[PDB]
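Single chain ahead, by itself, as structure tokens, in the form deposited in one PDB entry.
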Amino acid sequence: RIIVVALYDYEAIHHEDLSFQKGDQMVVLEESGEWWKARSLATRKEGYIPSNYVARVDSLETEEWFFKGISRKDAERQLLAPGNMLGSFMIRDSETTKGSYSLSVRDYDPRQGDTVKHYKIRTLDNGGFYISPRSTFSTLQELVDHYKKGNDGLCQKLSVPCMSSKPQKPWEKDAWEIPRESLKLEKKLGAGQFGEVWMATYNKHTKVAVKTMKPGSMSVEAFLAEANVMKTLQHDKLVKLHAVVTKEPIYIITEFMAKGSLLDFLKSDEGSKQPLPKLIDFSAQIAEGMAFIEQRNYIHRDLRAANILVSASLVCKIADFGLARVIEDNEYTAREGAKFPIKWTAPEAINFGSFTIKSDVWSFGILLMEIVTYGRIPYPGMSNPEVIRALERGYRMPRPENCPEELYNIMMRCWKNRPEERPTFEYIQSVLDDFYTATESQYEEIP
């Protein structure tokens, strides 16, 4: 026997779904991918429900202030999002002390501006919790209520939990290779060299994006082999692949991203006004996604601002990872022009076709420059031959205006001519994540 409790509002979208509002009764039979075999016994309608819409009985996932599955950096971003107030907070699983917890609180001071402070919540050997030894609690709820009444040493009195939206409903079960008829293409988002992108509706009920590859551009078996790897690369900073139409012309169905590519966004009224620390946060988000790709021994092959997507809430999500590998070179694709852009591509990839995570690192440096210049072409004023010959002689794009020197230093490391001398994405992720909070305490040492 195993019991769970609902969290959000969701009713049937498919056939054998259930209905619940503001948390109802659930009895999970056994698990699956993202859907769980649910037993209601209250509405007595039985079938499947989204596993991320429910919470286990005994645990903290029911609490409005608890955020399971998120990182320290995630916590900082979520709290600093517009809509949160001074003292907004969350409790999360500790990233550096397994089994214990961390409290993250939105702070403000005139010197540093908007910040997030983190506190270690220690667990007592025989039960209960504390941040400061003089103030212990039987439960985390008691801890929260205590610091809601006064700061008692914290940077701020706790106000309200960090804001959050209901999670995206999981993709339809066993709907990986889907019929073309399941898709209504509603709005063309852009033409492209080897395919178009559409906003579309899947089976009348779900908004998606569809990349529609041009005839002749890919074959079914080669694409599917790769797509079956792509779909497993799941990470908050990679765009999610939902489904594919595995008949020519091949369709790739993904989550829809409201603000288009990062290049589009940086060139828009809204995006051109993002301040430098937000640009650096975008850079960090992408580095986090590329560190994941690196950890998974994968290769992007075409990293650039046009292949980063931006969500309605300004989350960056890497797109087109691995796609270049399965675009065919034949008479049909040749008429669409150059396959990869010289100005973004590492010299060893151009010269010897050596595409690796290190050639992605080179490209990431070019992408950093795109970001800090709000989408300017790389190497302005230079032709492609000029770029290649300049690079061979140690020329690199000079530091532009409004670019922190340490960000430029990261670019220069990415652009080492020898791939082995380029940093890892793990390294880049660390430096960008900590860009402004370097030489600071991880946690606040409360009295």
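From 1 onward, residues are counted along the sequence shown. We call the rigid core the largest set of C-alpha positions that still match within 1.5 Å between the two forms.
Keep in mind that the form deposited in another entry is not shown, yet the notes after this line are about it.
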Which residue in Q141, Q234, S311, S219 stands out, with a C-alpha shift of 2 Å or more between the shown form and the other one when both forms are set on the rigid core?
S219
Superposing on the rigid core, does the Cα of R39 end up 2 Å or more away between the shown form and the other one?
yes
Assuming the CA distance changes by 3 angstroms or more, are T439 and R92 closer together or farther apart in the other entry compared with the shown structure?
closer
